[PDB]
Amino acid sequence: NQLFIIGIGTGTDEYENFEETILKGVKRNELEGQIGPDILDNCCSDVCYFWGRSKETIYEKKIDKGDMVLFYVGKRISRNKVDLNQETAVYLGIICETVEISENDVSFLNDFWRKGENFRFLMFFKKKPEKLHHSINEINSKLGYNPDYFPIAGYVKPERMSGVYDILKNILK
């Protein structure tokens, strides 16, 4: 029951990859024989929604099923700050399963990702991660972060989690 944040800067290849596999998604036939039939059955419909990283962990925390990912989307200004003057977005996904791809098998990841082979630690999301109506500053504030906190990949100290309990609850039914 952990919570992570992943910052997707607009106008960059991470945003492009975020378009393809989280916003648009990938038909499950184009994944058959690269991802297990069981992951495909239980985490995907005709479409899989998934993200990936180059390590298995985030601040030494590994990501497992049941956990949550807030994708912050906006124009990045400094390493971990966003421009609050242009549009921002927050999406919430719930991890279904995580799968590691072997380094002699990362070929297929380039089919839909720019430099995809570098990101062989995949995460699959039970349903398509949901676009919240909150801005990044509105979510940051609920978690006790600076308005423009925009981590590239952050772990949210559990004691902050209760500030967004309303939202996650409302999402389940």
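Numbers for residues come from their place in the sequence shown, where the first is 1.
A.B. asks: Looking at the entry, does 3 to 11 or 162 to 170 show the higher mean C-alpha B-factor?
C.D. replies: Between 162 to 170 and 3 to 11, it is 162 to 170 that shows the higher mean C-alpha B-factor.
A.B. asks: From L132, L70, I63, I139, which pick has the Cα B-factor that tops the rest in the entry?
C.D. replies: It is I63.
A.B. asks: Split into thirds by Cα B-factor across the chain's modelled residues, where does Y59 land: lowest, middle or highest?
C.D. replies: For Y59, the deposited C-alpha B-factor lands in the highest third.
A.B. asks: Would you mind checking where the Cα B-factor of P147 ranks among the modelled residues of its chain, as the lowest, middle or highest third?
C.D. replies: As the PDB entry reports it, the C-alpha B-factor of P147 lands in the lowest third of its chain.
A.B. asks: If you rank every modelled residue in this chain by C-alpha B factor, which third holds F124: lowest, middle or highest?
C.D. replies: It falls in the bottom third of the chain.
A.B. asks: For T88, return the chain-relative third of its C-alpha B-factor as stated in the PDB record: lowest, middle or highest.
C.D. replies: Lowest third.
A.B. asks: Consider only the C-alpha atoms of the modelled residues in this chain, order them by B-factor as the entry records it, and name the third containing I101: lowest, middle or highest.
C.D. replies: According to the entry, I101 has a C-alpha B-factor in the chain's highest third.
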